[PDB]
Amino acid sequence: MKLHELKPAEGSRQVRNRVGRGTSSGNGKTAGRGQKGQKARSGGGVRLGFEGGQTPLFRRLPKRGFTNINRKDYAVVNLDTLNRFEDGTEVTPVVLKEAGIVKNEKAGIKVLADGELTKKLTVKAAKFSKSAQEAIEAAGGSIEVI
Amino acid sequence: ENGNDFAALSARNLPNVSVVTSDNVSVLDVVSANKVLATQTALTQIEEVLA
Amino acid sequence: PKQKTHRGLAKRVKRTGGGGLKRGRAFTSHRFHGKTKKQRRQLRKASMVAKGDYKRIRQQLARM
RNA sequence: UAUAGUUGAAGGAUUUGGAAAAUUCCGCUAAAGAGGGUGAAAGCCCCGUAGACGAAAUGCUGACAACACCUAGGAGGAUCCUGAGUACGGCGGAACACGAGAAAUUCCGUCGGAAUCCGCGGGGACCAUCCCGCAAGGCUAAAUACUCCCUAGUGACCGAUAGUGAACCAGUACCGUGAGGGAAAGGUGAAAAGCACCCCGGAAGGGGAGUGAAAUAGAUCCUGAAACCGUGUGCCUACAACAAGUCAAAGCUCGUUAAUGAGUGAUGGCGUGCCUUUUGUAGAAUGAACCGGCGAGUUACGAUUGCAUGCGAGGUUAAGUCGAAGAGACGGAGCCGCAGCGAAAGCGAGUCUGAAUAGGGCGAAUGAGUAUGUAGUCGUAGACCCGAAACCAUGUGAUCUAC
RNA sequence: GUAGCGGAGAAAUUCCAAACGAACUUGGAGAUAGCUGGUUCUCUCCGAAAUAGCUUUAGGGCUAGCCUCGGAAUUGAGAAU
RNA sequence: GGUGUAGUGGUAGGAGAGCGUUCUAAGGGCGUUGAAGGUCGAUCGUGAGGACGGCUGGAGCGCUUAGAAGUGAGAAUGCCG
RNA sequence: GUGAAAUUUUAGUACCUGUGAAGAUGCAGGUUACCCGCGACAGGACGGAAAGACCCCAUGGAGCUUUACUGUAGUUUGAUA
């Protein structure tokens, strides 16, 4: 490419629309705003969610629930992701990281059974669902909550 | 390449010539010139950083 | 600056798995002698937000 | 080291011009082809530039010397010390993102008012247990904010209605008792060579003659548009009701970017300006004397959609460090996506309601994202421009008028 | 000598530097105005509304109805007899 | 490229594609044997608009491709002359 | 001899009966009328000057009243230093 023959890719740059520049362009004389009214003024308009004066929808509906301060959220990995390891590896939270499978392990890892394993792993993690542990042990491995 | 300072001094001031070291090549330097005159040492040094 | 969320909407609504918005019902705190048992049984189930309301509400709940 | 300075390479002829730096030939120089000047556009004409050199005097910043200060272990646990109208409490106010609230923590006014290492304070009312500290005495560099001013520079910033209010003797002239308000106004030529002498005229001004490449470049001086005011001419016009043109057309006068030519035009048909606001306008509804200049959807940061490119069950870095105000590498804290349901405990391809394995709600069942560019809309900011009557807080007035 | 949240009044809302139902000047300040005026080049394709509901609402707004652009989808779902 | 058939009034408003101004970069050019600007002509294109020639004028300016915008004026009882 | 002003879309600017945003110099059908001025009069140009002071609106202001709401200076009464 030479600096006197540049060309962007097709569809990648568009021009711009300038209002208030004559009648034949399509947007002269009031610039798309219609005739008079609150919406034709500079800085005119009503705030988001406003409805005239009818009771707004958020205000007819009731509030609900509370936030728990000791809430625990985990960092699920199901069963297909444990197929990208060799037969017999002892998968763990540091080998999951450094493969990028899990970054930001919120409160620890939890394995879930969805849906099919065929390996010989020995999984170390913080939680196991009833079917994850089960299918891990059918294929022939072991678990340990830790 | 590097502290090849006599060569860079000799090559300045010629109105067709630009001088750059091998740790400081940009995309705009290569596109604007018609050719590149690189030494053997500097070529391996560029291959070491672009990897 | 950043956009501020409507804190009164967020205390009343939650976002479902396919992008919708689950909501509670009205007429559910007050004089139940004025309504039938079938009404108060069927005003105990949650519902969703309509399309007219969502179009006008979307930007106030963008982040949560 | 700041405040003066020194030295610093390499060109002549030819053509056109008033004058070359331009053109054409044939040379040279560069650790210097950044920039400015010269009768037009110069690496080689002048000032400079890259490089090398320099300070009597005064002020700054380092380094190393002196001089000044400051700094020791192990054991014991009989007794003494460790900041009092203080911490804290009631009442009234305020500060904490926290509007009295279930209100911890920190202040102010007022009244009441501890303990002493077997002690005292805190972990968001309060208590018990465990854990972390030791108030009511003092000081302290750096990493962060700002530019009246001095030096050296930079700009996909302005170019005389712009840019400072002010390119010029501007906070001036001018206006007001005062506080205060506040302008207009740049350009002969390369060089003044800025018109000796003569003629008309009181002078102003003009005509010759001269300067000069050019004076219709003559000081109201580069260029010299329009409104507006004149002089000369080809064609028409004194029986005619005209939004002023348009279509048809004899006569006269010319002869062009050369082609189904140009100007004027007796006479005939048709025909109620422009803009705004309106159900509706020629409107006796609204605006404009005319001509020229200026004069209105922008940017920053967020959110969403379409298009485009790179990676792809993944994508991507922020502050910061080195670097030419740059590109061009380090940096994985963090952010989005990859799993949902429920108020929550929690369970998980399912979950909640429910006595229910029933039914139903929301989810799964191959079901694509993320960074950046670009355009359309929206939010917070004056947010497309102009326009009040008013409200508040400093100050200046009884040289007029009232007592 | 008395000064603007003020003064003075043989009382009229009268005077306080040609303007007083609350002086003048500077600043908050580009105050606010659901109202009025204005908003600058061209051609091609399509092309409305003046209605319902709710509104301290009635010359403003919101949701639907009616226009335009891009996609998806089984059809034979639209219309006229 | 041919040939058929069908279409092409338009306010608010949506969608597409272009004309012209100033500045930046790269390339290729012009200029005292006369640049920009000004004035006249009977010229070209579907439109915004583009050339060529005369006269005036005295030192700078086009074209191509991409970029960036204080980018277009007839109206505001607009502001200055 | 000297020498302004308010106004102004461009004007080669007749009458009658009609028409029309419902009272026309300018539109229709007729009728009348050679070109250019001077001194006089006020019927028309919904004549000029003043974005109606009358009336209603803006969820506009400002001054005033009170047994309208919510506060407060001042006066008073108790506890405590």
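All Cβ positions, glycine included, derive from the backbone under ideal geometry; neighbour counts span all protein chains shown. Each reported figure results from applying straightforward, stated rules to the coordinates on display, with no laboratory input.
Figures for the structure shown
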| read-out | value |
| --- | --- |
| Bins of 5 Å, starting at 0 and running to the largest distance - Cα pair percent for chain B | 4, 17, 29, 29, 16, 4, 0 |
| Residue-averaged 222 nm ellipticity for chain A, from DSSP H runs of 4+ at -39500 (n - 2.57), nearest 500 | -3000 deg cm²/dmol |
| Assigned charges on the beta-carbon of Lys, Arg, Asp, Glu; chain A dipole about Cα centre (debye) | 2020 debye |
| Computed [θ] at 222 nm, helices only, for chain C once each DSSP H run of length n ≥ 4 contributes -39500 (n - 2.57) | -5500 deg cm²/dmol |
| Average partner coverage of A:54-63, which counts Cβ from other chains inside 10 Å | 6 |
| Rg to Rh, two decimals, where segment A:1-109 supplies the alpha carbon set and Rh follows Kirkwood | 1.28 |
| With Cα atoms, 0 to 90° folded angle of helix A:130-139 axis to chain A main axis | 60 degrees |
| Semi-axis lengths, Å, the protein assembly as shown, gyration tensor of Cα atoms, sqrt of 5 times eigenvalues | 56, 45, 16 |
| Positive-end residue, chain A charge dipole about Cα centroid, Cβ charges, pick of A:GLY141, A:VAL123, A:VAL19 | A:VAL19 |
| Whole-Å distance, taken between Cα centres, linking chain B and segment C:10-51 | 72 Å |
| Residue-averaged beta-carbon neighbours from other chains (10 angstrom radius) around C:51-64 | 2 |
| Cα coordinate range in chain C, projected on the principal axes (Å, largest first) | 50, 23, 19 |
